[PDB]
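Presented below is the structure to which this report refers.
In the authors' numbering, the protein residues as written are 180 to 323, 341 to 365, 381 to 394, 400 to 625.
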């Protein structure tokens, strides 16, 4: 037989590869929710999808107008496969270009955006634009106002998107976007989980559950399952990214900071980072269990640091003037033998989002002792700068190590 159906299998394989390129784009977009690079456009991806449709076009006219003329092998058993290649590709093109706010207040106006990749090839000028409906569904309904926007095209933009500029209203519920279409096939697009806050108490547990979803999700997800015992290396990586992103700095967390954050989260005084690198970290350990002796979970404390550092310590963290994540065992280790007045800047343990000035003083007996000045929260730092306050304290002379106070600040 003529049957060179290996070019159909080539299209079947190239379509499978394009489907992964889209899958990967959605994961980069999901990681970007927890402040991450990504910044990838759907424009080159759309070009790859156009090429698949172009290959499907040539392959469809070759089958039907055959030379060898074979029946159900080069007709029914061959057209059914090519039909699937278009059916699956078209459904894997109705995406969410701009995601809705995952931390959503149940009244504020939120913007949304969906993009169809094969719109410039399937929706011409005389063809009517399909009305897209954005109905909110829960985690159960995921497994199958102002929600009506027509899918329009663009000549000086080369796209077929649909922006929903106006929209008003542990519970992961996402917005389902859908539209009617005919070559009479249907299109659907599900967004990333959204927790709806009422703005009465606090959104702390919503930000923590979104952070855990976006970072610790699989590409082959069943909306909306998340692994609940991730390794510490991945959590450190995520915490480092969320730090640099929320704080707005390029100077990130380093191995020593991580060791402290591990000693706090596990309530373990171990010193080897080996006995911490490959270790399980549950969602309970992260935002359920209250820290020993404290009235808050680990995420509540880390979020306070992000709040404080972003708000008033943005400059000093970047300047590498704040150690921040250091155990009292290590502060004594360095500062204790340095000359009097040598100070250091670290984060308050007992108080949520505070910065204490640890410094070396002379004890009652004369031997060096470690003194910690009362911590400054963002409210005290709004009244007076950290550098201004550090200047007001005459006992403070040099920031560790051996670096004049007035020179550093």
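Idealized CB from N, CA, C, for every residue including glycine.
In the DSSP output, what is residue i paired with across the bridge?
i: residue 403; result: 390
i: residue 602; result: Paired residue(s): none; residue 602 is not in a bridge.
i: residue 356; result: Paired residue(s): none; residue 356 is not in a bridge.
i: residue 513; result: 506
i: residue 592; result: 571
i: residue 619; result: 615
i: residue 228; result: In the DSSP output, where bridge partners are listed per residue, residue 228 has none listed.
i: residue 385; result: 316
i: residue 540; result: 562
i: residue 445; result: 498
Could you spell out where the alpha helix (DSSP H) holding residue i opens and where it closes?
i: residue 347; result: Residue 347 -> no alpha helix (DSSP H), and no H or E assigned at all.
i: residue 471; result: 471-481
i: residue 550; result: 544-551
i: residue 463; result: 448-463
i: residue 611; result: From DSSP, residue 611 is part of no alpha helix (DSSP H); its letter is neither H nor E.
i: residue 203; result: 185-210
i: residue 420; result: 420-431
i: residue 492; result: 490-493
i: residue 530; result: 530-534
Hey, quick one: how far does the beta strand (DSSP E) through residue i stretch, first residue to last?
i: residue 276; result: 273-277
i: residue 588; result: 584-588
i: residue 498; result: 496-498
i: residue 578; result: 571-578
i: residue 314; result: 310-316
i: residue 412; result: 411-413
i: residue 558; result: 558-563
Just to confirm my understanding: we take residue i, look at its own chain, exclude 5 residues before and 5 after, and list those with CB closer than 6 Å. What are they?
i: residue 460; result: 468
i: residue 234; result: 190
i: residue 365; result: 285
i: residue 227; result: 197
i: residue 431; result: 213 and 454
i: residue 628; result: Only positions 180 to 625 of the chain appear in this structure, which leaves residue 628 out of reach.
i: residue 361; result: 290
i: residue 345; result: 311, 358 and 360
Ignore the nearest five residues each way along the sequence and tell me which others in residue i's own chain have a CB closer than 8 Å to its CB.
i: residue 502; result: 424, 428, 451, 481, 513, 514 and 515
i: residue 584; result: 552, 553, 556, 576, 577 and 578
i: residue 261; result: 187, 190, 235, 238, 239 and 242
i: residue 448; result: 478, 492, 493, 494, 495, 496 and 497
i: residue 257; result: 184, 187 and 242
Return the chain-ordered list of same chain residues with a C-beta closer than 7 Å to the C-beta of residue i, the five sequence neighbours on each side being excluded.
i: residue 523; result: 569 and 594
i: residue 444; result: 498 and 499
i: residue 456; result: 468 and 469
i: residue 464; result: 526 and 530
i: residue 321; result: 385, 406, 439 and 440
i: residue 392; result: 309 and 403
i: residue 211; result: 217
i: residue 209; result: 408, 430 and 433
i: residue 476; result: 541, 542 and 543
i: residue 505; result: 513
i: residue 272; result: 228, 295, 296 and 297
Between residue i and the ligand MN, is there a pair consisting of the residue's CB and a ligand heavy atom that are separated by less than 6 Å?
i: residue 301; result: No copy of the ligand MN appears in this structure; indeed no ligand is present at all.
* Asked: Is it a yes or a no for the segment 348-356 touching the segment 298-313, going by three-plus beta-carbon pairs under 8 Å?
  -> yes
* Secondary structure, alpha helix (DSSP H): runs of 4+ residues fully inside the segment 230-297 -> 255-270
* Any contact of the segment 600-612 with the segment 525-545, i.e. 3+ C-beta pairs under 8 Å? -> The segment 600-612 is in contact with the segment 525-545.
* Below 8 Å, can you find three or more Cβ-Cβ pairs linking the segment 246-255 to the segment 274-282? -> Fewer than three beta-carbon pairs drawn from the segment 246-255 and the segment 274-282 are found closer than 8 Å, and the two stretches are therefore not classed as touching.
* Asked: Does the pairing of the segment 546-553 with the segment 574-585 give three or more beta-carbon distances under 8 Å?
  -> Taking a cut-off of 8 Å on C-beta distances, the segment 546-553 touches the segment 574-585, as three or more cross pairs fall below it.
* To do: Report yes or no: do three or more beta-carbon pairs, one from the segment 230-238 and one from the segment 286-293, lie closer than 8 Å?
  => no
* Given 8 Å as the limit, is there contact between the segment 411-424 and the segment 183-196, that is, 3 or more CB pairs closer than that? -> no
* Is the number of C-beta pairs between the segment 308-321 and the segment 381-393 that are closer than 8 Å three or more? -> yes
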